[PDB]
Amino acid sequence: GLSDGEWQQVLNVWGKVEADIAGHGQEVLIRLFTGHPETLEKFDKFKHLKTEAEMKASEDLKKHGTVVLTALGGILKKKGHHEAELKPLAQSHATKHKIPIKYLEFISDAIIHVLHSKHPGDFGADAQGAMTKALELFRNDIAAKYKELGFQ
Ligand code: HEM
């Protein structure tokens with residue numbers, strides 16, 4: 001649950017992402033894959049990537065980064081009223097991709113890391129607080145659907 005002022009911070013930060021969605025999406029996935037190499041094994045189309053240089057050179061990884069952040073941005077713009085947008089993603093990630101909630105924690109922290117890396121000194125403590133709360137809400141509502149499905 002976020003206040004109006006917190007949502008305003010989230011959507012202000014998101015403007016930074018929308019200026020370069022592919023570059024942000026690429027770096028988020030690279031941070032996930034290099035920090036948590038077990039996550040790469042869930043992607044049949046990226047498991048061939050052995051080095052970060054190959055990851056950086058992969059145009060399909062940048063494409064998928066655009067898909068991921070476009071979906072997340074659509075959810076964030078609903079300011080919590082995201083049941084219709086979130087349900088299909090919860091279902092596909094639990095039942096088809098088999099993504100444990102832990103990996104959603106990993107990618108949430110990766111987003112925070114990338115924002116500081118690309119905007120050092122321009123991602124203030126209030127903005128980090130609000131973005132963190134928004135990603136916690138996203139993860140918590142996914143977790144509720146995971147529990148319904150019995151997925152661990
Ligand atoms: C912010 C969190 C995430 C968002 C918004 C997101 C979004 C998406 C979307 C929109 C798709 C394509 C449609 C679909 O299959 O539902 C997708 C596919 C997929 N996601 Fe995610 N995802 C997220 C996190 C993760 C994480 C953490 C993992 C694994 C560590 C993951 C694994 C996958 C896989 C394996 C696919 C299929 C890729 C393919 O072969 O095309 N997702 N995701």
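Just so you know, the numbers here start at 1 and follow the chain as drawn.
Method on record in the header is X-ray crystallography, 1.4 Å.
Cβ atoms here come from the backbone N, Cα and C positions, even for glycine.
Database features, via Swiss-Prot:
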DOMAIN    1-147  domain 'Globin'
MOD_RES   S3  phosphoserine
BINDING   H64  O2 binding site
BINDING   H64  nitrite binding site
BINDING   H93  heme b binding site
Count the Cβ atoms, other than its own, that fall within 10 Å of the Cβ of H64 (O2 binding site), considering every protein chain shown.
18
What is the number of other Cβ atoms found within 10 Å of the Cβ of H93 (heme b binding site)?
20
Using DSSP, how many residues in the domain 'Globin' (1-147) fall into helix, strand and coil?
115 helix, 0 strand, 32 coil
In chain order, residues whose C-beta lies under 8 angstroms from the C-beta of the residue listed as 'phosphoserine', counting only those at least six residues away in the same chain, are none
At the level of the C-alpha atoms, what whole-angstrom distance separates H93 (heme b binding site) and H64 (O2 binding site)?
15
